[PDB]
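Trainee: in their complex positions, the first chains:
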Amino acid sequence: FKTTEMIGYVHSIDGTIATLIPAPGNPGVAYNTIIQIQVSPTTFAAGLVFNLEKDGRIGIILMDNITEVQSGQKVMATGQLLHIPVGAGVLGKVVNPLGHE
Amino acid sequence: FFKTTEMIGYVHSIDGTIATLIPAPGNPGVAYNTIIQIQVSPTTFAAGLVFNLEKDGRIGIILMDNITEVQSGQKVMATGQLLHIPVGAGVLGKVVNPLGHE
């Protein structure tokens, strides 16, 4: 996933759902898009936007690496919906909903 | 010698068949369970019934007629009286509304 800019930080984590708080200036996140939570300096965790509140807090549905998601971590926006590999190059493989093999 | 009504606030929100009013600062205020008139036009009004008097001053209204004409930000006049309807032998043989309109 290609990141564009930071769009806030992780605020609360209730199981598999999370809430973000806006970054300075409220860059904004497109609804129903995929966001990346920087769990580590080199690894990211997928999240799905499902709610854009008036105050600027974004509702996120964590997809993978939930155990490594903590409040205060930076979140980057891809700006696009979820896309997965498709074609004859995926036949015979075992994949997950995010397209990872 | 003027037909001075008693304005008590404005229409804040509309949710279907009920509305919420906001009182203008320094106004007489409406009484509980009384009828109010929402000025949908300089000559037309929509009836309503007071249902809630909240701490914030907002008033819960039950719209009775001309709901489609009600919009947020319209003036509201307080009659200060409960609901009264025509009664007598002259109403027999007629179809009427709960407000008495034939």
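Mentor: Okay, I see it. Residues are numbered from 1 along each chain as shown, chains lettered A, B, ... in the order given.

Trainee: next secondary structure element downstream of the longest strand along chain A?
Mentor: Longest strand of chain A, by residue count under DSSP state E: strand A:5-14. Per DSSP states H and E, the first helix or strand lying C-terminal to strand A:5-14 is strand A:17-21.

Trainee: how about residues contacting that next one?
Mentor: Contacts to strand A:17-21, defined as C-beta atoms under 8 Å, 6 or more residues apart in numbering or on different chains, come from residues A:7-12, A:35, A:37, A:47, A:56-62, A:69, A:75. The way it works is simple: take the backbone N, C-alpha and C, and place the C-beta from them, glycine included.

Trainee: in its sheet, which strands sit next to the very next helix or strand once past that strand, and in what direction?
Mentor: Next helix or strand after strand A:17-21 toward the C-terminus (DSSP H and E): strand A:34-37. The strands beside strand A:34-37 in its sheet (DSSP bridges) come out as strand A:45-52 (antiparallel), strand A:74-77 (antiparallel).

Trainee: slot chain C in:
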Amino acid sequence: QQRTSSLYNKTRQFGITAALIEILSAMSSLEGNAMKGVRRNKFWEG
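Mentor: Putting chain C together with the chains above:
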């Protein structure tokens, strides 16, 4: 007997679920009406 027992189990489960949902709906309605007032704290002292 088997049919009535199945109906009994189904009815009790539905009743428990409906009662719990009703109680939670009442609780949510009570919570929603609550409003957070102005905080009287030294905001500058931070």
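
Trainee: before we move on, the earlier item: gap between the longest strand of chain A and the chain center?
Mentor: Counting by C-alpha atoms, centre = their mean, to the nearest Å, strand A:5-14 is centred 9 Å from the centre of its parent chain.

Trainee: now stretch C:36-46: how far from the chain's centre is it?
Mentor: Using C-alpha atoms, centre = their mean, the offset of stretch C:36-46 from its chain centre is 31 Å.

Trainee: pull it out as CSV, backbone CA atoms only.
Mentor: Listed next in CSV are the C-alpha coordinates belonging to stretch C:36-46 (Å, rounded to 0.1, in the frame of the first residue of the first chain):
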residue,chain,number,x,y,z
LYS,C,36,-21.1,17.0,29.1
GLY,C,37,-20.9,20.5,30.6
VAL,C,38,-18.1,23.0,30.5
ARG,C,39,-15.0,21.8,32.2
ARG,C,40,-13.9,24.1,35.0
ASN,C,41,-10.1,23.4,35.0
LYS,C,42,-6.9,25.4,34.5
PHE,C,43,-6.6,24.7,30.8
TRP,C,44,-3.7,27.2,30.5
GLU,C,45,-1.8,25.3,33.2
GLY,C,46,-0.5,22.6,30.8
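
Trainee: attach chain D to the model above:
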Amino acid sequence: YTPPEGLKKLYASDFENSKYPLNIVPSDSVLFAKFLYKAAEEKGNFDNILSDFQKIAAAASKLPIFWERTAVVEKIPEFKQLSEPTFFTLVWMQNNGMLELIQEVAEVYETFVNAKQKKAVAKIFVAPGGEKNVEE
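Mentor: Placing chain D onto the earlier chains gives this:
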């Protein structure tokens, strides 16, 4: 932020229960108006707050849409020229994220000032562009 001593002292006091020209029902937009009125009454000048509200309204017309969501009154230069009470109230609102009540707070403050100064305001409602003739 370094609020003045007077505003700090008044902030801790229970000014909400003090006497005011009118008995307005408590509300979020009424607390700020009461604080502004109590702060201005000590100095005796009320027109300063009105000028501050005018400046705020003029500045807000140029700020970006939904500026109140990310508004930082400290960083905004237009609010640097406001009086200490108004600036303190704006910072207080920004802390609570209630900058959308500026209009209501200004209205309540104007009502309090008019009541204190014994002024009666007669709203005249006219059609758009029909305000030319108001003799009647």
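
Trainee: for the longest strand of chain A, packing partners?
Mentor: For strand A:5-14, the packing partners by 3 or more C-beta pairs under 8 Å, 6 or more residues apart in numbering or on different chains; DSSP states H and E come out as strand A:17-21, strand A:58-62, strand A:74-77.

Trainee: need those strands in TSV with mean neighbour count and distance to residue C:8, can you?
Mentor: TSV is the format used below for the helices and strands packed on strand A:5-14 (neighbours: other C-beta atoms under 10 Å in any protein chain shown; distance: least, C-beta to C-beta, whole Å):
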stretch	mean neighbour count	distance to residue C:8
strand A:17-21	20	37
strand A:58-62	20	38
strand A:74-77	21	51
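
Trainee: wait, which of these is closest to residue D:118?
Mentor: strand A:17-21 (47.9 Å; C-beta to C-beta).

Trainee: what does stretch A:32-46 contact?
Mentor: Against stretch A:32-46 from outside (C-beta under 8 Å, 6+ apart): A:1, A:3, A:7, A:10, A:18, A:20, A:29, A:47-50, A:58, A:60, A:62-66, A:68-70, A:73-82, A:98.
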